[PDB]
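Chains as they are written, first to last, in this note's numbering: chain A, -7 to 20; chain B, -7 to 20. Worksheet: the structure to be examined is printed underneath.
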């Protein structure tokens, strides 16, 4: 394996996120 | 609101979970 690169990319985060694996009475 | 209940249930976890919110050199 050889990698040679002059890359640039943008992925960038501002939100309101709800990540449940679910259990809350998933209802809490 | 009124709640009255007798509830018994079962959700239990043993996993090899990958959760990415994406951005990884998602790669590569």
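Built from N, CA and C at the ideal position, the CB exists for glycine as well.
Among the options, the one whose alpha carbon lies nearest that of residue i
{"i": "residue 16(B)", "options": "2(A), 15(A), 18(A)", "result": "2(A)"}
{"i": "residue 8(A)", "options": "7(B), 8(B), 13(B), 9(B)", "result": "13(B)"}
Within-8 Å CB hit, residue i to chain A
{"i": "residue -4(B)", "result": "no"}
Residues that residue i contacts on chain B, provided the C-beta gap is smaller than 8 Å
{"i": "residue 16(A)", "result": "Chain B residues near residue 16(A): none, gap ~11 Å exceeds 8 Å."}
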